[PDB]
Structures are given as C-alpha cells and as structure tokens.
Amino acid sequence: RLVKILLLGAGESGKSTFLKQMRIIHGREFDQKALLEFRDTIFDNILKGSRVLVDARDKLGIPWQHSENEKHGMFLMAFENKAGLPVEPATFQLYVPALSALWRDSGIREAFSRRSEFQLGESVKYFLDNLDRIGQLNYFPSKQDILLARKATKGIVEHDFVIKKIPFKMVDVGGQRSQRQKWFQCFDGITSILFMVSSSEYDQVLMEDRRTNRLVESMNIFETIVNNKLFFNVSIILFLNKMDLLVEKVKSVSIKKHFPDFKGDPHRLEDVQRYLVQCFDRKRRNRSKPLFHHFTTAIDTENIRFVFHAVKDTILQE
C-alpha cells in the first residue's frame, strides 16, 4: 500500500521547496548533474532579480545613494535568459563587482523594501547578502542556497521515497493559473493533499495578473479543493508557509489595509496567524472534522523534518 501525496497551491508558495526538503531528508543526495543545474538557477536568480531591482528604483524614481552606480546598473539592464538556460561561472563573475556595488547602494535596498509594489522573488536578498561566497570563483551551492533557489514548475514530477519502510510517492505540480489546468491528471488515486499557502503575501498582487490579491487566490483555490466530493476519502492538510518572512511583514506592513474585516492587533504575529487559520477554516462546508494545519518554513530543514513526522501520522492514522 504505497501512499500517494499531492502537493498543491498557488504560484510561488513553496511546493518544489518542500519536495526538495524531502529529498535532502529521505531521498538520495544530488549528483553533480543536478548540483550544477541548481547553480545555473542560482546565478540566474541573482542576475534577473537585480535587473528588476535596478529597474525598480528607476520606475519608482528612487535616487541613487552614490550616483556612480548608474554605470553598474547599466551592466545588468541588457541581461536576459527568458526561455533560456545554462549560465556559466565565467558569465556570472563578470557581474559580481556590479552586483556587490549595487547591493551596497541604499537606493537599491530601499527598492527591495518596496518589493510589493511590483514582482520580485525576495529570495534575491539572501543571495546578494552572501554574494561573497557565491561570487567566489570555485563556488558550489550549499543545501541552503539550493532550497532558496527558484525555478517555476511548468510540468509534473513524481518523487518516490520509502520512509520508515512505507513507500511514499509525492507529486509536485505548478501553481500558476496556466498550470492548474494540469492538476486533474494527478487527482487519480491520491491518499492526501498537502495544500500550501505563502502566508506572507497579503500585501502582494498575483503575478499572472496586475490586480488580484495573492492570499485571496490561495483561499479561493483552497475552497474549491477542500469541498470536493472527489476528495471525500482524502486527507487534506494545510501548510501556512513562509512563516519566517511573515514575521517580518507583520512588523512593518499591516494586513488591516488589505483585509479590513480583520479584527485584532495587526502587528502581533498570533493575531494574524489565528486569523489565517480561521479564513481557511471558513471556506469549508464541513467544519465538523478539524482543520489539520501547520505553520512551516520550507527553507528550514529541521522545521520540515519535525512537521512531516506529524503529517505522516495524521495521514497514516486516517
């Protein structure tokens, strides 16, 4: 009896990131082929994010700290890998001097602070924050770099493990409006659904359209999955993810602006935490059996090992 788990949720919620934590913990570690692929991604992640940051402070009018940096900004503008792939260490090292200089500019860091005014996977900060060893000539990625790297899932990927002598099989699929269209192929013979939610995204708008709120979409999707006949004999467990990023936003940006019906203290983590559980609780018609849920940080490996051992129980006991 091989347990089939399905990883669902909106775009940029941490589905793939979770699936990585599974391989690290329960699967076989990555051979150079995959490792180099992760690096290409990391390099790319760093180059595309900066391009956006350099264009951000321009399109928002923010001035430079040191106006010399213009010329560093120039060096990134014409970078492009849209629908492209391998980005080699030689390529990247040319940009290291530019990247470090720009990142030091307070004008740019301020542009990163107004991130939510546009589209940028904040995973950029971590890399530029330790560009010093990424930008070293003989660099290989760490586990933590890898987990923080980002590639948009444009397909489906089964991933097999045997945890405590029980054969698991997890499927990762894409979360964007375009990709959802594929989901129905994976609904076959699933024993559970791990629904994920980028809980830090109350102030952000969805990428694939300028206007729809990211967290509302998550709720909208959850409502449709959780109340489905097809998934009547299926365990459904909710992962409020990016808890470590959430902590940060809570301090500076308020959810009150975006969710006016919120009635608590907008700068207390738990006031906000409980509200989220409730919102997702509320989209369920069968609020009789309780809402299995966790507050995860999918980049933090221990958190996940802990959290998954619990999830393994919930599922198997049902």
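A residue's number is simply how far along the shown sequence it sits, counting from 1.
As the entry records it, the average C-alpha temperature factor is higher for 162-170, out of 141-149 and 162-170.
Comparing 274-282 with 258-266, the stretch with the higher mean C-alpha B-factor in the PDB entry is 258-266.
As recorded in the PDB entry, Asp209 shows the highest C-alpha B-factor of the residues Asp105, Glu117, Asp209, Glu217.
Among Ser252, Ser288, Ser50, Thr41, the highest C-alpha B-factor in the deposited entry belongs to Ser252.
In this PDB entry, the Cα temperature factor of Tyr202 sits in the middle third of its chain's modelled residues. Sorting the modelled residues of the chain by their CA temperature factor places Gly135 in the lowest third. In the PDB entry, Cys186 places in the highest third of its chain by CA B-factor. Looking at the C-alpha B-factors along this chain, the one for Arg177 belongs to the middle third. Placement of the Cα temperature factor of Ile5 within the chain: middle third of the modelled residues, per the deposited record.
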